[PDB]
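>>> this one's sequence-less:
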């Protein structure tokens, strides 16, 4: 039970497409996260790229 | 107020093992035995029994603190003999000595009764 | 038959084949991380002692897999250098560290002030400290190491 | 009372390098002279190149330099102590390091002490 | 103005015992407040022990500012001060 | 991590992994390079040399080894039975315990050559 409101979603008077598009927009925003680098202490460890 | 219960001198908690054995790697064929809820009565008996065995080269014990009822024993035998076997032999030998002592005392008491 | 000194192939070892010659023989300690890696796993060093009229030639071996095919080589081992790692002893004569360390001289090199690893404290090995800054004590540490090694050599009645 | 005990350092060197036996030393006289002379200039109490700073630094170590030169004389080193080379650099380095360790630390509340 | 250039620093090049104690305390507190650790920890858990391990390896990211009596100061990094 | 995996190989620390895997792989690579049947040049030049040598010595089958520039840590085994036979290339992987060819582990280069000859004889 999420859409408990009884708002008439008739496409003639309701823009279902806009609400759906905003819904995937916010869901993709939820999917978005953050990542950071890793630090390791070892004599032969170097934070370099493959080509580097 | 802070005095411990007197039964803690001899009553063993369930989680505390009576007898913990850890090897002593500094010298070959040596083990360290930790006796819980024991004192000089068992320790001195075992030590002086083991000191007479030709295959036991080092035996000692110490009570770390008089306020705690436990002692730790160091045993170190020859190459052929595992130390735990020597400890078992000591226990059995003292048991036989006590058994014959009891028998002889009973005989003497009956004679002199 | 020259005696054998065994080094740990671990990269964290303070003494490696690259800088073993300058350290044990010349008495000068260099950081092995900066030194280039040495391709040869066998090296020979010369020791001058007051206990012996002539300098002693010794062989330093990093890996015993390819140089200890015969058991009689183990009779020549006079010192073992370990990093406190169990996996060094997979192919050794005594795969258990304890028996190896009562039957052989074990040395562990650490910087002064660093904490000893737990396994090292549980083994019968000597602890030798090298200062990070002052370099005059390197000769003293080397002298202690060679004192132990020479005691073992004299006890073995080695002929030179 | 003077800093860094010289007698202890010398006997430590003798024990460390096994300076017994009638073996002849390989320590040349110019090495002894130049080593002691250079050591008597590395006992830093005050840092800086200022002339007044240098004068104060020279004043602060007069008695200690007299002690060091009295102990580490050429004849005494070669005959009484019989140090070799390696023992000699070890002694010089140890003297310098111990002197640096014996200075007072900024932030001492010496008035209360 | 008040800062003293690195070339003309005339204070002792060693870490005094007060500086060592204060540095260890500050680093231990920072580690206990979830600061990143710059050395590998084998099995250590005490913040003070981790701080001592960091100090021994010259990895503490702190700067000592030594105040001269006239108000000028010298900034010394804990990685360039000699520790016994 | 307390446990390190390199394929089926399992290790417990970085130094153990390094010494047991990388050093052995490098030693096997050097043994392959120091082997008499090795050529580090380009694959096309290796093919041309093999064609020329087979044409000159058409009485025997010739096999040579070369670097796998596309797949690092591997080697290309090119063998030509006769001048009329096409050059066939086989894949060899540099493993710590040796060389993997046709799902078979050969401890040394000479053992690898003997195994290759035996495989050719059996398949013939």
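Structure's in. What do you need? Numbering: from 1, shown residues only, chains lettered A, B, ... in the order given.

>>> C-alpha only now, for contacts and for neighbours.
Will do.

>>> which residues touch the residue of chain E found nearest chain A?
Scanning chain E for proximity to chain A using CA to the nearest CA identifies residue E:40 as nearest, at 5.8 Å. By CA atoms under 8 Å, 6 or more residues apart in numbering or on different chains, the residues touching residue E:40 are A:40-41.

>>> Doesn't it lie inside a helix?
No - if the criterion is DSSP: H, G, I helix; E, B strand; the rest coil, then residue E:40 is coil and not within a helix.

>>> Relative to residue E:27, how far out is the residue of chain E found nearest chain C?
In chain E, the residue that lies nearest chain C is residue E:56 (6.9 Å; CA to the nearest CA). According to CA to CA, to the nearest Å, residue E:56 stands 13 Å off from residue E:27.

>>> And for residue A:52?
Distance from residue A:52 to residue E:27, by CA to CA: 34 Å.

>>> Which one's more surrounded, those two?
Legend: neighbour count by other CA atoms under 10 Å in any protein chain shown for residue A:52 and residue E:27, higher for residue E:27 (24 against 6).

>>> Is it correct that residue F:58 is in contact with residue F:85?
No - Residue F:58 is beyond contact range of residue F:85, at 10.3 Å (criterion: CA atoms under 8 Å).

>>> For chain E, which segments count as strands?
Taking DSSP state E as the criterion, chain E contains strands spanning E:63-67, E:73-77.

>>> tell me the phi and psi of residue B:23?
Here is the backbone geometry of residue B:23 (degrees, to the nearest 10): phi -70, psi 150.

>>> Name the secondary structure element that contains the residue nearest the centre of chain D.
Chain D has residue D:95 as the residue nearest its centroid, 4.0 Å off, counting by CA atoms, centre = their mean. Per DSSP states H and E: residue D:95 is located in helix D:85-101.

>>> any idea how far that helix is from the chain center?
Distance of helix D:85-101 from its chain centroid, counting by CA atoms, centre = their mean, to the nearest Å, is 6 Å.

>>> swap in stretch B:97-106?
On CA atoms, centre = their mean, the centre of stretch B:97-106 falls 21 Å from that of its chain.

>>> Helices along the chain, start to end?
Going with chain A. All helices of chain A, identified by DSSP state H, fall at A:16-31.

>>> switch to chain B, that's the one I care about
Taking DSSP H as the criterion, chain B carries its helices at B:40-50, B:83-112.

>>> before we move on, the earlier item: just confirm yes or no for the helix holding residue D:95 near chain E.
No - judged by CA under 8 Å from any CA of the partner chain, helix D:85-101 and chain E are separated, with a smallest distance of 8.7 Å.

>>> More neighbours: which of residue F:58 and residue F:85?
The neighbour count for residue F:58 versus residue F:85, taken as other CA under 10 Å, is higher for residue F:58 (16 against 12).

>>> contacting residues around the more buried one?
Residue F:58 touches F:82-83, counting by CA under 8 Å, 6+ apart.

>>> Doesn't it lie inside a strand?
No - Residue F:58: not assigned to a strand; according to three-state DSSP it is coil.

>>> just checking, the residue nearest to the centre of chain D touches residue D:4?
Yes - using CA under 8 Å, residue D:95 makes contact with residue D:4 at a distance of 6.9 Å.

>>> Would you mind measuring from residue F:70 to residue E:6?
From residue F:70 to residue E:6 the distance is 53 Å (CA to CA).
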